[PDB]
Amino acid sequence: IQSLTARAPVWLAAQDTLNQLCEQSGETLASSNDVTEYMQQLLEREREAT
Amino acid sequence: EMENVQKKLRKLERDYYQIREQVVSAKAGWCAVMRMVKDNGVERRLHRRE
Amino acid sequence: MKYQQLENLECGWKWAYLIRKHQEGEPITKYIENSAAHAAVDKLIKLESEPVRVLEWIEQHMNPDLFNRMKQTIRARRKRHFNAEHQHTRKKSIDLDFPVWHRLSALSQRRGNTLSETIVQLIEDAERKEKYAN
Amino acid sequence: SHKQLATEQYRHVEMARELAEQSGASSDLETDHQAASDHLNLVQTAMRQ
Amino acid sequence: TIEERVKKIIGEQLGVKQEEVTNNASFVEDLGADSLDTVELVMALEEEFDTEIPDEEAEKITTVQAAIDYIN
DNA sequence: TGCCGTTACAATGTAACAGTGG
DNA sequence: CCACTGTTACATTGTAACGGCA
Ligand SMILES: *P(=O)(O)OCC(C)(C)[C@@H](O)C(=O)NCCC(=O)NCCS
């Protein structure tokens, strides 16, 4: 329990940051690879828009 | 010998009693703020569970 | 130190206290000349919304004789602020008729107890008398 | 702790009751032994006479 | 009557009004009171009547009616 | 000592109740 | 009935005096 508690706040803050970031987007992310692809589409949209 | 422990039980009981009134009053106070804040304030803005 | 002191709160308290005193006519500043006192008071008035500079204003223009009163007022404000959160720590204020108060205080000084302690003891004795009879 | 104390009290009550019983038995035995001593003395007197 | 205690306190502890609670419903899910809230509700009921309720008896109050059933 | 909690007040403002007379 | 008055039980803020403590 104490180990999980120590881990807790970091995980919770991470979750909240991710939730905010994804909600800001229309998509909800589920994986580091998923984030990497979303970044790639972001770059593509950037290099298009520019 | 046991009567002394009975008196200690009485002390503990009065302490419990005090704590109980504290908790019930706190919930009474909370009730209304939950009711109002359910207008999307608590959803993710105020409830910074971190 | 029992209650932690918060600057943005106690400084607002001090600003409000000084403004109230000035509105009451108290000479906030140490300047006998009316012009300097008025200038310092105007600086204070426009100094609203500033703890870090109201403290400096106090250090520089504050009347020497009000320091203790302000200090004890802030002590009381802090204690009341921290105690008003929970019911058991709150305090109930009542008014007692002069004869009753005189007798009750007579008992309290006689026994060396406080008003709360004296009344608690007396009520406990009344309850004990009830139990003796019952 | 409250239940523990209540249970100890109950045990105490039971054991006190039974010891009251043994006290009554001891009193009865005391009466019997007084009678026994009286008999002894009577027999002694009969012997001597 | 005396039930006015319960049917009042319940609301004050759950945010619902006096008539909102229905005897057939259940506090745990049909009133929105969660785990923490149900503990708080039962403890407020204990406080109000100046009595005691062990854990075992306390767990059988999930329904609205039980709150008076053990009382009366 | 200098701060800090603590008590016992003082002064005024309010809500609520009880009276009073038309 | 209705209004105005008297009263109690607080609150609210401020202050002086003790006493504890570094
Ligand atoms: P639920 O998710 O609201 O969580 C409830 C709780 C674990 C925080 C606590 O309030 C509770 O319901 N505990 C159950 C009763 C219990 O643990 N009693 C212990 C008595 S020593």
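FYI, it's all coordinate maths here, none of it is from the lab. Cβ atoms come from the backbone with ideal geometry, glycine included; neighbour counts cover every protein chain shown.
In order along region E:44-57, the Karplus-derived 3J(HN,Hα) couplings, from 6.51 cos²θ - 1.76 cosθ + 1.60 at θ = phi - 60°, round to 5, 4, 4, 4, 4, 8, 6, 10, 10, 9, x, 4, 4, 5 Hz, and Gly and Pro are given as x.
Loop by DSSP (not H, G, I, E, B), at most 11 other beta-carbon atoms within 10 Å: where is the longest site-free stretch of chain C for trypsin sites (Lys or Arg not before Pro)? Longest site-free region, per DSSP loop and neighbour criteria: C:3-89. Shielding by partners for peptide B:25-32, expressed as the average number of C-beta atoms from other protein chains within 10 Å of each residue's C-beta, is 4.
Amide H neighbours of E:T63 under 5 Å, at least 5 residues apart or on other chains, H built in the peptide plane: list them. Amide H to amide H, under 5 Å and 5 or more residues apart or across chains, E:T63 pairs with E:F27. Measuring r between the beta carbons of D:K3 and B:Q18 and using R0 = 25 Å, the FRET efficiency lands at 0.70. Taking the inverse of the mean reciprocal distance over all distinct Cα pairs, the Kirkwood hydrodynamic radius of the protein assembly as shown comes to 30.2 Å. Report, in whole Å, the centroid distance computed from the Cα atoms of region C:47-67 and region C:27-46. Computed from Cα coordinates, the inter-centre distance equals 11 Å. Qualifying GluC sites (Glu not before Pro) in region C:60-130, where qualification requires a DSSP coil assignment and no more than 11 other C-beta atoms within 10 Å, comprise C:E85.
Our coupling estimate for region A:28-39, obtained by passing each phi through the Karplus curve with A = 6.51, B = -1.76, C = 1.60 and θ = phi - 60°, is 10, 8, 9, 7, 4, 4, 4, 4, 4, 5, 3, 4 Hz, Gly and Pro reported as x. Neighbours of A:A13, meaning other residues whose beta-carbon lies under 14 angstrom from its beta-carbon, give a summed charge of +2 when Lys and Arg score +1 and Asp and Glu score -1. Residue by residue along C:40-50, Cβ atoms of other protein chains within 10 Å of the local Cβ number 0 on average. Taking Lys and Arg as +1 and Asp and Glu as -1, the other residues whose beta-carbon sits under 13 Å from that of E:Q18 total -1.
Shielding value for D:31-43 is 0, the average number of Cβ atoms from other chains within 10 Å of each residue's Cβ. Across region E:27-39, computed HN-Hα scalar couplings (Karplus, 6.51 cos²θ - 1.76 cosθ + 1.60, θ = phi - 60°) run 5, 4, 10, 8, 10, x, 7, 7, 4, 5, 5, 5, 4 Hz from first to last residue, x flagging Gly and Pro.
Hey, how much of the P(r) for chain D falls beyond 18 Å, as a percent of Cα pairs?
60 percent
Measuring from centroid to centroid over Cα atoms, what is the spacing of region E:17-56 and region A:4-50 in Å? Cα centroid of region E:17-56 versus Cα centroid of region A:4-50: 41 Å apart. Separation of region D:1-39 and chain B, taken as the distance between their Cα centroids, equals 49 angstrom.
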